[PDB]
Protein chains: 6
Amino acid sequence: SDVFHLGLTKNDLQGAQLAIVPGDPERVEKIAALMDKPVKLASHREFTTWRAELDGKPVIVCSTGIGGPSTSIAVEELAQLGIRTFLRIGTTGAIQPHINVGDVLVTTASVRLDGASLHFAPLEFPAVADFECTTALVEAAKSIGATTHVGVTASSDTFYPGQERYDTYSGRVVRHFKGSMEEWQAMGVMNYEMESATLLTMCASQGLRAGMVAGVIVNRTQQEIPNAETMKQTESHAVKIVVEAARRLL
Amino acid sequence: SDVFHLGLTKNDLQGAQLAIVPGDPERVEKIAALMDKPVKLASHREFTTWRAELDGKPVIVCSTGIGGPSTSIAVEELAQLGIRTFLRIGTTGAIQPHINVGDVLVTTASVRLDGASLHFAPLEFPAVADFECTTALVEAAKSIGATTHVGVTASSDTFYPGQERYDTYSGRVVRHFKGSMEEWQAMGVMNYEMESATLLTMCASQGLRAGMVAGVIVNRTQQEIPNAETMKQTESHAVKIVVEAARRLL
Amino acid sequence: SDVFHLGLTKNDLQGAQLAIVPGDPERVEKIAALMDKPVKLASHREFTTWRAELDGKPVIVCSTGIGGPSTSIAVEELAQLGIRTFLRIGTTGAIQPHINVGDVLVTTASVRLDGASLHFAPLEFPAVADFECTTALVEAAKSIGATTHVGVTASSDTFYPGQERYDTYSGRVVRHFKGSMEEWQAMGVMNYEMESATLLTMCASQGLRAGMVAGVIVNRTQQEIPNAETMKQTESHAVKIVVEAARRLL
Amino acid sequence: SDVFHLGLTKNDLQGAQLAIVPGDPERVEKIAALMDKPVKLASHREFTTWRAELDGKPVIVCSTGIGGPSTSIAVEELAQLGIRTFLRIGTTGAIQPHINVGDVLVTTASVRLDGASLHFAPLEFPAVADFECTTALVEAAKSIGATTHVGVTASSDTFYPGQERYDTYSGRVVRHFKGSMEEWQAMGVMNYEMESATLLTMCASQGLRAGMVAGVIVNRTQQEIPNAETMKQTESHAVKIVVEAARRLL
Amino acid sequence: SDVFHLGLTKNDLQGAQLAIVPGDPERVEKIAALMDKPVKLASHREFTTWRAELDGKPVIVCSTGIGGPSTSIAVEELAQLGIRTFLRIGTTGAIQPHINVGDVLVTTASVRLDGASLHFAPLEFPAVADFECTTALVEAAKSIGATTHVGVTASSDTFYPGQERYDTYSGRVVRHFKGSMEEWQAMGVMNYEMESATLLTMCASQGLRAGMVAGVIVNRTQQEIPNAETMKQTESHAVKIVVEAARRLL
Amino acid sequence: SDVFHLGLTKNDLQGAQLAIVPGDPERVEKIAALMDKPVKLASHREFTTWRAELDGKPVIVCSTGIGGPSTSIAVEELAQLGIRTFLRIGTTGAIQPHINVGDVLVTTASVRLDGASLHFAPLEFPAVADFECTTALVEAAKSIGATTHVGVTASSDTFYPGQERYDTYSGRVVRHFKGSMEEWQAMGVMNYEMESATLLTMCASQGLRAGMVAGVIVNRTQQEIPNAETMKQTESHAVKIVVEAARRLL
Ligand SMILES: [K+]
Ligand SMILES: [K+]
Ligand SMILES: [K+]
C-alpha cells in the first residue's frame with residue numbers, strides 16, 4: 001500500500017482531488033451511494049474508503065474516525081494521495097436556542113478545544129474554513145431549501161467532559177471545562193463536535209481547502225430524545241448538501 | 001455626548017446601522033465623500049466620525065486608531081449607538097510571493113497576535129469574519145474586476161518586532177517573534193496589519209457582523225518602494241470596494 | 001444498547017471488570033482468541049469488542065481507535081459498564097539507541113502531547129500508570145524472558161509532525177515541535193505512540209487502573225524496515241505478555 | 001519624513017532627548033504650553049507632536065493614542081529620532097479605598113494586561129519604571145505639595161471588559177477577566193490605564209528610561225461623577241509634576 | 001571543595017552511588033544512624049551531609065532544604081559527585097479520607113506545582129518516579145508491615161497558599177490556587193509536599209533514579225493535632241523503609 | 001514556638017518590624033554583629049534568626065534558604081510575627097560587561113523565573129520592589145561611595161540550567177532556557193539570583209515592603225575566579241549598605 005494507515009494506492013484514486021470525510025465508517029457508503037460508480041476501496045482501523053464518480057470526475061469518501069488524531073492521519077495520507085479539498089459532513093447538537101432539529105450548520109471557524117491542531121499551528125492561528133468550500137456549502141444548502149445557520153463551532157477532543165456532559169461514570173468536569181459551555185454559548189457558538197479544529201487547522205496552514213456542514217439532531221438548550229426517522233432524514237439532507245458542494249468545487 | 005470617547009450622540013447617527021472603519025482619521029473624509037450627503041460628525045482622539053447616505057440609508061465612517069485597544073473602544077461605543085455591521089478598510093503589505101501590488105485581500109480570519117481579542121474570548125476562539133460581510137466584500141471586489149486573494153491575515157499588536165522589522169532602534173526581535181514571519185508564510189498567511197484580530201473576535205463573540213478588505217501597496221518578499229500615485233490608486237480601489245460591499249449589506 | 005458509542009449492554013460483559021485495549025479493531029479477535037470461550041460482542045466505529053474468559057473470569061477486549069478522543073469514549077463507556085482495569089497493548093517505534101527490535105517497553109508515565117488528557121486534569125497532573133498494572137506487566141514480561149525497558153513514553157495527538165516525521169505532504173514541522181524529538185531523546189523518552197497520555201491521565205484522575213505495554217518493531221535511531229513475520233512474532237509476544245498481566249490483575 | 005508614522009524629521013527635534021507622552025493629542029499643547037518656545041510640529045493619526053524648550057533644552061511632547069500598539073509605534077519612531085527618556089502623564093481612576101480624587105499616582109511597575117509588551121519581552125519580565133524617572137516624579141510631586149501614592153498599576157488593552165465595566169452593549173465580561181479586579185484590588189493595585197505595560201516593557205528591555213504619573217479623577221470603590229473644574233485642575237497638577245520631573249531628568 | 005554549595009569532595013563519598021535526601025538537616029543524622037560507620041561530612045546552608053555504610057557499601061544522606069531550588073542544587077552537586085540513585089523520605093499530610101495517621105505513601109508521580117521542574121523539562125513531561133525505586137519502597141514498606149498507599153502526590157513551591165492554608169497573615173489565596181485542593185482531592189491525589197516535582201523531573205529527564213516515601217502525620221480532611229510520640233514513631237518507620245529500599249537498590 | 005518552621009515567638013522579636021534577610025544562615029551572625037546587642041534567637045532548617053538593635057530599635061536578621069519555597073515560608077512566618085519590611089542582602093554574578101567586581105546592584109524588579117511567585121500573583125503581576133526600600137538602598141550605597149547599578153534582576157528557581165551553566169552532570173540545558181541568558185542580556189538584565197522574584201512578588205501583593213541589594217563578586221561576561229578576601233571585602237560592603245538602608249527605614 002502507498003501509505004501507512006489507510007491501505008490505498010495512488011492508482012486506486014483514479015486522479016481524485018476531492019474527498020468527503022464523515023467520522024463514522026458506516027456513513028461512507030451512504031455518501032458514496034449518491035454518486036456514480038460507487039466502489040469500496042478499503043477498510044482498515046477507523047478508515048473506510050470508497051471511491052465514486054461525480055460528473056465524470058473521481059471523488060473519494062473516507063471516514064476519519066472520532067477525534068483530531070485519526071483525522072490528521074487520514075488528511076495526511078489522502079493529501080499524499082492527491083486530495084486537495086476535504087469536506088466534512090456530520091450530525092450534531094445545537095447549543096443555541098433559535099437553532100432547531102433538522103436545520104443545517106455551515107462552520108466558518110472552530111474553537112480549538114483539541115490537541116492535534118497545535119501540531120500544525122500554534123493556538124493563535126484561526127481554525128478557519130476555506131471560503132470556496134464554505135460558499136459551496138451555503139449555496140448547496142439553498143439548492144435543496146435547508147434552513148442554514150452560518151457560524152463558529154466548538155471543536156472538543158472529548159465527547160463527555162469537554163462538552164460538559166455530567167451523566168458520566170464520575171459525574172464531574174475538571175475546573176478548566178466546568179462552565180465553559182455557558183461561555184461558548186454567550187459567544188454565539190452553534191454546536192460542539194470533535195474533528196473540525198484539527199481539520200480546518202491542518203488544511204488552512206498547508207494550502208489545502210476544507211469546509212464543514214452538519215445537520216442538527218438535538219438541541220441541548222431544549223433537549224429532546226431524537227426520533228429515528230428524523231435523524232435518518234437529517235443525515236441524508238446533510239449528506240446531499242455536502243455532495244452538491246462537492247459538485248460546485250470540482 | 002452619549003459615549004465616553006467618540007463624542008457622538010444617538011441622534012447624530014440618524015439610524016445608521018453600518019460603520020466603515022478605517023484606521024486613519026484622515027481616510028474618513030475620503031470615504032464619506034464617495035457617498036451622498038457627507039457631514040463631519042465629530043473628531044476626538046484617533047476617532048474621526050462622518051455620516052453619509054448610501055442608497056438612501058444613513059451610514060457611518062469612523063476611524064479606530066492603530067491597534068486593538070482603540071478599536072475595542074470605537075466598536076463598543078458605535079455598538080451602543082446602534083452599529084451592527086463593521087467593515088474595516090486598509091492598505092497593507094503582502095508576505096506571499098504570488099500576491100502583487102494592486103491586488104485586494106479579503107480576510108476570513110486572523111492570527112491573533114494582539115492583547116485585546118483576549119478580553120473578549122480566550123485564544124482558542126477563532127478571529128473569524130462574518131460570512132455575509134466576507135461574501136459582500138469578495139463580490140464587490142469581483143464587480144470591479146479586482147484580482148483578490150481570500151484567506152488568513154496576521155494581526156499584530158506592534159508594527160516593528162511583531163512583524164519582524166529589524167531596521168529599528170535596537171535591531172533586535174524578541175525570541176518568541178524572531179522567526180515567526182517565516183512560520184506565517186509557510187502557513188499561507190497573506191499579510192500583516194494591526195486591528196483585525198480585535199475587531200473580528202469582539203464582533204463574532206458579541207453578535208455583531210464584521211469583515212475586512214485591504215489593497216496591497218507593498219510585497220515584502222520582493223519589496224519595492226511605492227510611489228504616491230500607486231498608493232492613491234490602490235486606496236481608491238479598496239475604498240470603492242468597501243462602499244460597494246456596504247451597499248450590499250444595507 | 002446501554003452506551004452511546006460502543007454498542008454494548010451491561011449483560012454483554014457478564015461481570016467483566018478488566019479490559020485489554022489495543023488501538024486496532026483487527027487486533028481484538030487475535031487477543032480474545034488466546035483466552036477461553038471468545039465471542040464477538042459488537043463492532044461500531046473504531047470500537048470492536050470481544051468477550052473471553054481467563055482463569056474462569058470474564059475479560060473484555062475492546063479497540064480504542066487511534067488517538068485520545070476515541071480512547072476517552074471507549075474508556076468512559078466501558079467504565080459505565082463496569083471495567084475498572086484497562087491495559088493497553090501496542091507495537092511501537094523506539095527512539096533510544098539501546099532498545100532493540102523485539103524488546104518490550106512498559107510505560108511508567110507519558111509526555112502529554114495530546115489534547116484529551118487536559119479535559120480530565122490540567123497539564124501539571126502526571127500521566128502516570130497504575131502501580132499494580134505496571135508491576136503485573138513487567139512481571140509477565142520477565143516471565144517469558146522478554147528484554148524489557150521500563151520508563152517514559154511520548155504520547156502524541158499526531159503520527160506525522162508531533163513525532164517529527166518529515167517525509168510528508170508539506171515536509172514541514174511547526175516551530176513548537178521542530179527539534180522536540182531530540183529533546184525527548186535527551187530526556188530518556190523510550191518511544192512514541194498516540195493514546196497513552198489520554199488513557200493514563202483519565203484513569204489516574206478517576207480512580208480506574210491502567211497500564212501499557214508495547215513491543216518494539218522499529219528503532220528510528222538505526223532504522224530498518226520490518227518484515228511481516230518479525231511484526232507478527234513481536235505482536236504475539238506483546239499480546240502474550242498483556243494476557244499474562246491480565247491474569248495477575250484479575 | 002524620517003519615520004513611517006509620526007511625520008517628524010531628526011532636525012525638527014533640535015537635539016531633544018526627552019519626550020512627554022500623554023495619550024490624548026488634545027493634551028499635547030496643554031503640556032507644551034508650560035515651557036518655552038512652544039511649536040506644533042505635526043498632526044498625523046493619533047500622533048500630535050509639539051516641541052518646546054526647558055531650561056535652554058529641547059523637549060518633545062507627543063501623544064501615543066490609546067493602547068500599547070499606537071504607543072509602541074510612537075516610542076519606536078521617537079527613539080529612532082533620539083529620545084532616550086519618556087514620561088507618561090494621564091488622568092485615571094483609583095481602585096483602592098484610601099486614594100482620593102486629586103491625589104497623584106506614580107507607577108513603579110505595571111500588571112501586564114496588554115499584548116504589545118510581549119512583543120518586547122516574555123510575560124515573566126517586569127513592566128518596571130526607571131528609578132531615575134520614578135524618583136524625579138516623586139520629588140516633583142512633592143515640590144508642588146501633591147498627595148502621592150507610589151505603587152503598581154494594572155495596564156489593560158481594553159477600557160471596558162478588561163477593567164470590568166458592565167454597563168456595555170453586551171453587559172458581560174469573558175471568564176478570564178470576570179472577578180479579576182477584586183484580585184488586583186486585593187493585591188494593592190492602585191488604578192487601571194491602557195498604555196504603561198507597553199511603555200515600561202519596551203523601554204526597560206531596550207535601554208530607554210521611562211516613568212509614569214497620573215492624577216486621580218474618580219475612585220471606583222466610592223464612585224462619584226467627576227466635576228469639570230476638578231478634572232481640569234487635576235490635569236494641570238499632573239501636567240505640572242511631569243514637567244518638573246522632566247526638568248530634573250534633563 | 002569539589003562543588004559550589006555542598007562543601008564535599010569526590011573522595012569523601014568513598015565510591016557512594018546512592019543518597020537518601022530528607023528536607024530537614026536535623027533528620028540527616030537520624031537516618032545515618034540506622035546504618036554502619038555514620039560520619040558527619042559537612043554542614044553548609046540547608047545542606048547537612050553524612051556518609052554511612054550499608055552492607056559494606058558507602059551510602060550518602062544529604063538534606064535538600066525546603067523547595068525545588070535547594071533540591072535541584074543538592075541533586076546536581078551529588079550527581080557530579082557520583083550519586084545515581086536518590087531516595088526522598090518525608091513526613092506529610094494526607095488529603096484523602098481513607099488514609100490514616102501512620103500509614104505510608106509511596107509516590108508514583110507528582111503534580112508539578114513548582115518552578116524548578118520546568119528548568120529540566122517542559123510541563124507536559126511526567127514528574128514520574130523510577131520503577132526500581134518505587135518497587136523497593138513498596139516492598140520495603142511490606143517487610144516491616146506498613147499500611148501503604150501507592151499514588152500521586154501534589155508538589156507545591158509554597159507551604160501556605162499553594163496548599164490552600166487560610167490561617168495566614170493575609171488569609172487569602174490567589175485565584176489560580178483557590179479551590180485547587182478540591183480538584184486534586186477529586187483526582188485521588190494523596191498529599192502535598194514541596195520537593196518531589198523537582199526531584200522526580202530532574203532525575204527522570206537526566207537518567208538518574210529517584211523515588212519517594214513519606215509517613216502520614218496529619219489528615220487534613222479529619223484534622224487532628226499530631227501527638228509528639230506518634231510523629232516520632234512515624235518518622236522512624238519512614239526512615240526505616242527508605243533504608244530498606246536503599247538496601248535493595250545497592 | 002508561635003510559628004510552624006522558624007522556631008520563634010512573638011516575644012523574641014521584642015517589637016522588631018524590620019528583617020534583613022540574607023540567603024545563607026552563616027551570614028546571619030555577621031550581619032547582626034554590625035548592629036548593637038546581637039543575640040542568637042533560633043536556628044532550624046535553613047532558618048537562622050538573630051535579634052539586634054539599631055538606633056535603639058529592635059531589628060531581625062533571618063536567613064531564607066536558597067529559593068522561593070523556603071523564602072515564602074520565612075516571609076510568611078516573620079510576617080505573622082510583625083515584620084513589615086524585608087531587605088534582602090546577597091553577593092552575585094553580573095551578566096552585563098559594564099558592571100565590575102566590587103560594584104553594588106539594587107534591584108527595581110525581577111524576571112520571575114521561579115514557581116513560588118505564582119502562588120501569590122499570576123505571571124503578569126510585576127515582581128517589583130518597594131519604592132521606599134529601593135530609595136534607602138541606593139542612598140545608603142551612595143553614602144559609602146559605592147559604584148551602584150539600579151535595574152532588573154533575573155530570579156531563577158535553579159542555579160545551573162536556569163542560569164545556563166553547562167559545566168554540569170548532563171551538560172545539557174532544556175530548550176525553554178537554552179539561549180535565555182542572551183535574551184536577558186539584550187534586555188539589560190544585570191544579574192541572576194534565586195529568591196527575589198518570590199520575595200518581591202509576595203511582598204508587593206500583600207502590603208509588605210521589600211527591597212534587595214547585592215555586591216558583585218564575578219562578571220560572567222569577563223569571568224575571573226574571586227579570591228576570598230575580595231569576596232569578604234565585597235560581602236562587608238553590601239552588608240554595611242543593607243544596615244545603613246535599614247537605618248533609614250526604621
Ligand atoms: K490607538
Ligand atoms: K479515532
Ligand atoms: K531552601
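A, B, ... follow the sequence lines: proteins, then strands. Residue 1 opens every chain.
With E:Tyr166 as the aromatic partner, E:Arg172 does not meet the cation-pi criteria of under 6.0 angstrom to the ring centre and within 45 degrees of the ring axis.
E:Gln223 has its side chain out of reach of E:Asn219: every pair of non-hydrogen atoms, C-beta onward, lies at least 4.5 Å apart. Side-chain contact check for E:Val138 versus E:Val150: some heavy-atom pair is nearer than 4.5 Å. E:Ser110 has its side chain out of reach of E:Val152: every pair of non-hydrogen atoms, C-beta onward, lies at least 4.5 Å apart. Side-chain contact between E:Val28 and E:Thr49: absent, with no pair of heavy atoms (C-beta onward) separated by less than 4.5 Å. You'll find the side chain of E:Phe177 reaches within 4.5 Å of the side chain of E:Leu113, heavy atoms only. Between E:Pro58 and E:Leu13, the closest side-chain pair of non-hydrogen atoms is not below 4.5 Å. Side-chain contact between C:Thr148 and C:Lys142 is absent, with no heavy atoms from C-beta onward closer than 4.5 Å.
Classified by interplanar angle (parallel below 30°, tilted 30° to 60°, perpendicular above 60°), the ring pair E:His149/E:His98 is perpendicular.
A pairwise comparison of heavy atoms in F:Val3 and F:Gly7 identifies CG2-N, 4.0 Å as the closest pair. Across C:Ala204 and C:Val128, no two heavy atoms sit closer than the pair CB-O, 3.8 Å. Contact record, E:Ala42 with E:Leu8: CB-CD2, 3.9 Å, taken as the closest heavy-atom pair. In this structure, E:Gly23 and E:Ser63 approach most closely via the heavy-atom pair O-CB, 3.8 Å. When all heavy atoms of C:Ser196 and C:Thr153 are compared, the closest pair comes out as OG-CG2, 4.2 Å. Minimum interatomic distance between E:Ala127 and E:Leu200 (heavy atoms only, all atoms of both residues): O-CD1, 3.4 Å.
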Could you walk me through whether E:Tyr160 and F:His119 pass the side chain to side chain contact (heavy atoms under 4.5 Å, CB included) check? CA-CA 9 Å; E:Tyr160 288 99; F:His119 294 216; over 6 Å; no
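Applying the salt bridge (charged side-chain N to carboxylate O under 4.0 Å, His left out) test to residues at least two apart or on different chains, the pairs with a partner in residues 228-245 of chain E are E:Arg27-E:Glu235, E:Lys240-E:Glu244, E:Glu244-E:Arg247, E:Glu244-E:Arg248.
Within the model, atoms CD of E:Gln185 and CD of E:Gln96 stand 6.0 Å from one another, a figure rounded to the nearest 0.5 Å. The CZ atom of E:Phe86 sits 11.0 Å away from atom CD of E:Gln17, with the distance rounded to the nearest 0.5 Å. Rounded to the nearest 0.5 angstrom, E:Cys62 SG and E:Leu41 CG are separated by 9.5 Å. A distance of 10.5 Å separates OG1 of E:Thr71 from CG of F:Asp157, quoted to the nearest 0.5 Å. Summarising the geometry, atom CD1 belonging to F:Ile73 is positioned 5.0 Å from atom CZ belonging to F:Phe47; distances are rounded to the nearest 0.5 Å. Atom CD of residue E:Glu193 and atom CG of residue E:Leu199 lie 8.5 Å apart, to the nearest 0.5 angstrom.
For the ring pair (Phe, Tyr, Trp, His ring centres under 6.0 Å) test, no residue two or more places apart in sequence or in another chain qualifies with A:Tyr169.
Between F:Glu46 and E:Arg45, none of the side-chain N atoms (NZ, or NE/NH1/NH2) sits under 4.0 Å from a carboxylate O, so this pair counts as no salt bridge. One finds no salt bridge joining E:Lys40 and E:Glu29 here, because no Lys/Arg side-chain nitrogen approaches an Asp/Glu carboxylate oxygen to under 4.0 Å. The pair C:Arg112-E:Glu124 does not meet the salt-bridge criterion, since no charged nitrogen lies less than 4.0 angstrom from a carboxylate oxygen.
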